[PDB]
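Two forms of the same protein chain are encoded below as structure tokens; each is given separately, as structure 1 and structure 2.
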Structure 1
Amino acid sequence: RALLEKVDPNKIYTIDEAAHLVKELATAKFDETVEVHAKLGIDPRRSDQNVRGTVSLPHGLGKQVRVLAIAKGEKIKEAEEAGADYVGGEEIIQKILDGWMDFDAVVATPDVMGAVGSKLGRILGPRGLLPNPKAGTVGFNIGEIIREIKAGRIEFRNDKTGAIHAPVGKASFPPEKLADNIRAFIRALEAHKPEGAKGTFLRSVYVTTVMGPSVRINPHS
């Protein structure tokens, strides 16, 4: 844990330095999702300054992503038709508990999320693989969700604190690809600067994981 002192909390790192720090400190036990969090120069209580859109990450998305869709009843067939690599009903949960992890991403319909969250929270959670409606990975339009990932896009939306975050890779990625993905998210955010927002837009930007320290980065590096 003392390992924490490898990250200087006051330094503004380059994106490449941050990518390397990610890989130096990543737990070896499982593959963690790497996020970028930014504090935005917006008023989060006014809808005309909402920031919402997609990032087309240059690495790790598209046809190659093995998507698991968990659904129920009719939506199983829709997930199959949309080309999810793996589809299951709630019966698939036990298979995951038994050690099946061939998938890279999980999406789900709302009706299975109680069971998914309760049984797989402690497994998918620490890995960053838990579906969430705010990330656009839980919904009844399961086919559209699958197609968006296969088209190489991830969704983002600011929160009520005026911050925003999105996954940009895994700790297992080569650092150059992680760095590429971090830059891509920053460029996607900048392309979505609202008209009317004043002052600095990217006030601070960080590379993060759920369980680890944040690494502050220069978004123009």
Structure 2
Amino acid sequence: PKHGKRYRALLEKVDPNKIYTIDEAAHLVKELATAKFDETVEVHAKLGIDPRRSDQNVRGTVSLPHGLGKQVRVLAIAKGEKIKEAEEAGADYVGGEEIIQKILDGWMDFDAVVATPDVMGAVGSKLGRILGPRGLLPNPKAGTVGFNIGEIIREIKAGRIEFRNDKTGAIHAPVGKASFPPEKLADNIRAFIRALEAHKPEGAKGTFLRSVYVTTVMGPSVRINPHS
């Protein structure tokens, strides 16, 4: 069949006609985590926007109240003293334009890139075609470009996530782990939804949150009332 026995059992646990409250889903989603690791919990929403126009894009970051339950390998590219501000903030890999060469050669061992605006000329032109397609190019809207490198790094290390609608008008984010207590999952989920709504495009017509789902890495989805 299309799914293995493990996944089939999980499918029994969901009412496919029910719209769950966030509180309920918080509990349920933990039951939907039966893979052989501590599964990330995810939220997905179908947005009432035209992804074809940039002025109706939804893109930002939100600090999850309870963090991500995952460490983020952070590479910072900075010039001068900012190089130390970076290291001190806890950056995994630190460097200036010199390390651009490493990435040009194929080095990709990191999850997030942050940089001072003053290296963004080189980063953009040298790394743009490498980091861009990977959604790893530092960017104001992603909160990954700034002179306050240490504050950015700390926010990211503290559980700040980025979200950006895809070309189909959908949007997705990790919001914790199946090991989180349900109340904490619930908080993180709301935090994300709130951040989403704070980025509703003025021009967006009709229901913004057309649908909102919660799920686990390897499990089925649960449809939720975003305002619960």
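One-based numbering along structure 1's sequence throughout. So that the term is clear: the rigid core is the largest set of C-alpha atoms that superpose within 1.5 Å between two forms.
Asker: Does the distance between the two CA positions of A69 reach 2 Å or more between the two structures, the core being superposed?
Answerer: Passes the 2 Å threshold, so yes.
Asker: Rounded to the nearest whole degree, how much does the smaller rigid part turn between the two structures?
Answerer: Rigid-part rotation, C-alpha based: 64 degrees.
Asker: Keeping the rigid core fixed, what distance in angstrom separates the two C-alpha positions of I145 between the two structures?
Answerer: Rounded to one decimal, the shift is 7.1 Å.
Asker: Given the rigid core as reference frame, how large is the C-alpha shift of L129 between the two structures? Answer in angstrom.
Answerer: Its C-alpha position differs by 14.9 Å.
Asker: If I align on the rigid core, how far apart are the two C-alpha positions of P194 between the two structures? Answer in Å.
Answerer: Displacement of the C-alpha, rigid core superposed: 0.7 Å.
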